[PDB]
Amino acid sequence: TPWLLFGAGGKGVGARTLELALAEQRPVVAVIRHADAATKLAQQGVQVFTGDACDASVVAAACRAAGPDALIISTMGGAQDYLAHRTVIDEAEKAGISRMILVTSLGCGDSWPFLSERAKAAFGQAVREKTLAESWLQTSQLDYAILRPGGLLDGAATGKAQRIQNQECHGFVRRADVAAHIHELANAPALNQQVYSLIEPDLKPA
């Protein structure tokens, strides 16, 4: 079943998640800002809609191409984080899509009381915006999983990252392992409106 990815430009979690789908020969639709990145992704077989996730027109088109049975995966970041996500969720519903995995971060939502002051100073506003995105998703018609990774690191997947629920967490996780967890959640029979923290215990930056 097709995947529609937002935030898969660049080299982060989205990029790695898209590469897993491609290696699988899975139908993939993505929205990408840069025209040149678009064609290079298109040559790998991605159906690339060029534009911005705040563009309701571009978003609707991508949703239409993916189809009502598609899974949306969002790893978006940046200026217009809440609005971009509201657009995606709203257009998803209109297109008959009913499943979405949203990747935010530790500190969002009910994990906010455990966010450190140092982390809040650096990422506070981004986290609050992503929290609005979680909210809009949780009150939407979509089935969902929300994944809140801790500090993102590069490197090879370790397979040691753990999904944790309903409890304070702090730590790090490799981007490659967040992609693996997205893949696992996506392939399960249902998302079941779940919220998870995601860290590899005791993993640390060098």
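Each residue number is its position in the shown sequence, starting from 1.
S.K.: In the PDB record, does 31-39 or 154-162 carry the higher mean Cα temperature factor?
M.R.: Per the PDB record, 31-39.
S.K.: So which stretch wins on mean C-alpha B-factor, 163-171 or 66-74?
M.R.: Stretch with the greater average CA B-factor: 163-171.
S.K.: Name the residue from 105, 98, 116, 87 with the greatest C-alpha temperature factor listed in the entry.
M.R.: Among 105, 98, 116, 87, the PDB entry lists the largest C-alpha B-factor for 116.
S.K.: In the PDB entry, which of 182, 198, 20, 190 has its C-alpha at the highest B-factor?
M.R.: So the option with the highest C-alpha B-factor is 20.
S.K.: How does the C-alpha B factor of residue 48 compare with the rest of the chain: lowest, middle or highest third?
M.R.: Tercile = middle for this residue's CA B-factor.
S.K.: Once the chain's modelled residues are ordered by C-alpha B factor and cut into thirds, is residue 122 in the lowest, middle or highest one?
M.R.: Within its chain, residue 122 is a middle-third residue by C-alpha B-factor, going by the deposited values.
S.K.: Would the CA B-factor of residue 4 place it in the lowest, middle or highest third of its chain?
M.R.: Tercile = lowest for this residue's CA B-factor.
S.K.: By the record's CA B-factor, is residue 178 among the lowest, middle or highest third of residues in the chain?
M.R.: Lowest third, going by the recorded CA B-factors of the chain.
S.K.: Once the chain's modelled residues are ordered by C-alpha B factor and cut into thirds, is residue 137 in the lowest, middle or highest one?
M.R.: Within its chain, residue 137 is a lowest-third residue by C-alpha B-factor, going by the deposited values.
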